[PDB]
Structures are given as C-alpha cells and as structure tokens.
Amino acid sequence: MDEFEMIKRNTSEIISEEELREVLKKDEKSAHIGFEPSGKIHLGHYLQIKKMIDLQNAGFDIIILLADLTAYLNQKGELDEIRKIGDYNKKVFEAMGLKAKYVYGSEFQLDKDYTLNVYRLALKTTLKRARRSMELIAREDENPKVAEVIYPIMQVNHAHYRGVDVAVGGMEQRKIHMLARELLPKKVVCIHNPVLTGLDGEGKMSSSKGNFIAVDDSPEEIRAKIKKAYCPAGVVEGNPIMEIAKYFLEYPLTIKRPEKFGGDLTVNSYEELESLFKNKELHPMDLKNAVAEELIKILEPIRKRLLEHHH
C-alpha cells in the first residue's frame, strides 16, 4: 500500500488520479479543506479529518479553513458567534490528532485583492452554474439570496489564493471543485470523500438534521443512537451502520454474540463483514452491538481529551 493507495483508500473519487500521482512526486505539497463551523463535530467531519491525516502522513502540508465568512453567507448566524464555534471546532480537530495550520476565512477573504478576484470570477460564472453547485450545501430557503451564489466563488478563489496542490471535501463539494478546475489557471487535484447516510436512512448525515453521531457523544448516547438506526437485514446500500463499519472500524474484528445465535464471529475485513451481512448470516442487532462498542473505543481518546479541558 503506497502513499497513493493510502490516500485513495475510502474516497469516492479523485479528480484526477494521474494529476494526484504528479503531485505526490513533489517534496513540498499542500492540501486544504474548509469547514463551515458546526456546533457539533460528527463522524462526517472525522472521516474528512482522517483523510487529511492520511495526506499529512504522505508528506502534505495541511491547512484547515474555519470557514467563518462562507458560513455567514450561508445564513448560519453572526460572524462573531460563528468564529467562536470555529475555535471550538479547532480544539476538536486537534483532539482528533491533527496538528495543522488553522485559519479563519475572514482573516484574508475580505482583502481588496481577494475581493477583486471574486468579482472577476463572478463575471465568468453563470447564476445557473453557481446555484447548481450549491444544491447540497445551501441552507434550505424558499427565497434564495444573492449570498448563495457569492458563496461558491469565494471557495474557488480560496484555492487560487493559497495555490494549494490538493483540495479535499465531501462529494457535496464536487461541483464547486469542478468549477475551480474550469476557471483557475492552476488545476487543483480534488479528493472527495463519501457522504455518510444519516442514522434514519432518510438522508445525509448533518449537524442540522439531528441524524448524526458526534465524536464526543457519551457511550450510552452512541448505543442508543445505533440501536435506533436504520439497518435492514441484507441491505448495505444506504445502511448507516454498515457505512460506519466500512469507514471507521479496525479489522480484524470480533463480533460478540450469544452462543444461541452462533457465538462470537471474527471478520478479517469489511468485505468479509459485508458478505456475511448481505447473505443474512449476520443479524442487524449483533452488527449494531459490535459497531457501537468498537466506535465507543475509537472515539474514547477524542472524548477524553475534550473532557480533560473541563476537569
């Protein structure tokens, strides 16, 4: 497993693998990701931070944007409060083990030169394209605002401003990134991570949809959340519990079961787990129980680092 395969692990798409290969030959390389500050940091965040750590171990210089200004544009409240959530988010990301350069968008995104560039990009971006690129990002609004279409070109310009080699995001970011790749002189390699299904199975996992597991949830909270989750037997597609097994659990893995249900079961790989589960050889409740306990152990260091701040 070389650096390229490590980086590709568990991604949905890399635009493009040949360009990424060229980047990996450089000694000095940069990757960045931006996060609108969020009041709870959940497994979707952690999946992305995990990817930044992968890149960091591949020799990348890592930048994390606390995207306070685009969060303001996306109707998340005042800037001062957004900034305070940003500082909390940074502490969580540090607790996750990421030492990086943390920057607030408003530190530079209001400079004359940045703004002039944003306006130059606004001349090249159609309203229709801008709106399409925000479909999975914009706060729901029956009356969309001008701010919605300024949002994507801020994110495009950021990649230009920083000269970063690689941009990372969830798949929800992919249309903004392909806009960047179309408009900017330097083409950024984009790495997109899968969108986690929320615990209800109804939509995507989000801080605003109340369908997430937070990295600092208590053990009892996690058990309850998993126990209630959508997880139909034989079904992997849109199964949030199977997703968690695929992206966060360490293998080989021992699923503990009562002997009257077959007793303990050791899987050496997610793919092994997947066949057992598709073949209805693994009951949803036994999967839930194992996922819950292993995730508790996975998140424990993060929760304890954050709880030590209170102590």
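Residue positions are given as counts along the sequence shown, with the first one as 1.
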Self-check item: 160-168 set against 140-148, stretch whose average Cα temperature factor tops the other in the entry
Solution: 140-148
Quiz item: Comparing 93-101 with 114-122, where is the mean C-alpha B-factor higher?
Solution: 93-101
Quiz item: From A31, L65, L282, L47, can you pick the one with the highest C-alpha B factor in the entry?
Solution: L282
Quiz item: Among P219, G234, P240, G86, where is the Cα temperature factor highest, going by the PDB entry?
Solution: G234
Quiz item: So where's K128 on the chain's Cα temperature factor ranking, which third?
Solution: lowest
Quiz item: With respect to C-alpha B-factor, does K186 fall in the lowest, middle or highest third of the chain as deposited?
Solution: middle
Quiz prompt | Entry-reported Cα temperature factor of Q173, expressed as the chain third it lands in | solution = lowest
Quiz item: Is the Cα B-factor recorded for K288 in the lowest, middle or highest third of its chain?
Solution: lowest
Quiz item: Of the three thirds of its chain by CA temperature factor, lowest, middle or highest, which one includes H192?
Solution: lowest
